[PDB]
Structure formats: structure tokens, C-alpha cells
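Undergrad: Attaching a single structure in C-alpha cells format; questions to follow.
When we count neighbours, we look across all protein chains shown, and the Cβ atoms used for this are built from the backbone with ideal geometry, even at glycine. Every number here is computed from the coordinates shown, using simple stated rules; none is lab data.
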Amino acid sequence: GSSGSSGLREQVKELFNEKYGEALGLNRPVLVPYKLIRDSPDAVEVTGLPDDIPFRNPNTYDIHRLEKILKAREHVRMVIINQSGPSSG
């Protein structure tokens, strides 16, 4: 319930998605199966995120977190714990 232009949200979206891709060893951004990771916390590892900020759907965070995350976009790093992905899609 605010006025302006919700961009960060999307920015963060592509961010987490971007990380996933790189983590998957791909060269393209891929959505993050938070639903899975949720039930399976030993599926993908998420790090680099800002302190005092967990790792969940970017569609909930606040201007701060949204920014913090973005402020740690270069720090944010994903590591495939248990999943393994194919090559050349």
C-alpha cells in the first residue's frame, strides 16, 4: 500500500535467481525453489546475505532488507548442497 515503483523487489528476484543459475553452474538466471529449499534446507546453501536477514522469497522483505540484500548482491552467494544440475540446456 505505497506509491512509487516497486523495482527492488524484481531486482532482488533476478538476484536470487541469478545466484541460483551460477550455483547451478549455468550461465543463465533460474528461479529459486524456495518451497523446496524450505522443506529441504540441505538442498541449496545461501550466503552473503545481509546480517539480521534470513533467506526467503523476496516478495515480503522491506525497503531495508530489499535494499540490504541488493547491497549484498555481490556478496550473496549460492551453493548447491544437494541437487546437481545438468549442462548445456
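Undergrad: Restricting the search to the stretch 28-46, which residues are surrounded by 15 or more Cβ atoms within 10 Å (Cβ to Cβ) and polar (S, T, N, Q)?
TA: Hits for the stretch 28-46: nothing passes.
Undergrad: Something else about it: Check whether at least one residue in the stretch 47-57 is under 15 Å from the mean Cα position of the chain (by Cα), surrounded by 10 or more Cβ atoms within 10 Å (Cβ to Cβ) and part of a strand (DSSP E or B), and report yes or no.
TA: Within the stretch 47-57 (the criterion being under 15 Å from the mean Cα position of the chain (by Cα), surrounded by 10 or more Cβ atoms within 10 Å (Cβ to Cβ) and part of a strand (DSSP E or B)), the answer is yes, since at least one residue qualifies.
Undergrad: What number of residues in the stretch 14-41 are assigned to a helix (DSSP H, G or I) and within 14 Å of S88 (Cα to Cα)?
TA: Within the stretch 14-41, the first condition is being assigned to a helix (DSSP H, G or I), and the residues that meet it are 14-23, 34-39.
Imposing the further condition that a residue be within 14 Å of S88 (Cα to Cα) reduces the set to 21-22.
The total comes to 2.
Undergrad: A further question follows. Which residue is farthest from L24 (Cα to Cα), if the candidates are limited to the stretch 58-89 and must be in a helix (DSSP H, G or I) and aliphatic (A, V, I, L, M)?
TA: Let us first name the residues in the stretch 58-89 that are in a helix (DSSP H, G or I), namely 63-70.
Next, from what is left, pick out any that are aliphatic (A, V, I, L, M): 63, 66, 69-70.
Values: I63: 28, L66: 24, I69: 20, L70: 21 Å.
Of everything passing the filter in the stretch 58-89, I63 is farthest from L24 (Cα to Cα).
Undergrad: Please verify whether the stretch 10-27 includes one or more residues that are β-branched (V, I, T) and loosely packed, with under 15 Cβ neighbours inside 10 Å.
TA: Step one: of the stretch 10-27, the residues β-branched (V, I, T) are 12.
Now narrow it down to the ones that are loosely packed, with under 15 Cβ neighbours inside 10 Å: none.
No: the stretch 10-27 contains no residue that is β-branched (V, I, T) and loosely packed, with under 15 Cβ neighbours inside 10 Å.
Undergrad: Could you count how many residues in the stretch 62-88 are surrounded by fewer than 14 Cβ atoms within 10 Å (Cβ to Cβ), free of Cβ contacts under 8 Å to residues at least 24 places away in the same chain and closer than 18 Å to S6 by Cα?
TA: Residues in the stretch 62-88 being surrounded by fewer than 14 Cβ atoms within 10 Å (Cβ to Cβ), free of Cβ contacts under 8 Å to residues at least 24 places away in the same chain and closer than 18 Å to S6 by Cα: 3 in total.
Undergrad: Could you please tell me which pairs satisfy a Cβ distance under 6 Å, a separation of 6+ or placement on different chains, a first residue in the stretch 16-35 that is under 14 Å from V76 (Cβ atoms) and free of Cβ contacts under 8 Å to residues at least 40 places away in the same chain, and a second residue that is in a helix (DSSP H, G or I) and among the small types (G, A, S)?
TA: Partner pairs satisfying both residue conditions: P29/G21.
Undergrad: Against the condition of a type in the set (G, A, S) and touching a residue at least 12 places away in the same chain (Cβ under 8 Å), how does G48 come out, does it pass?
TA: yes
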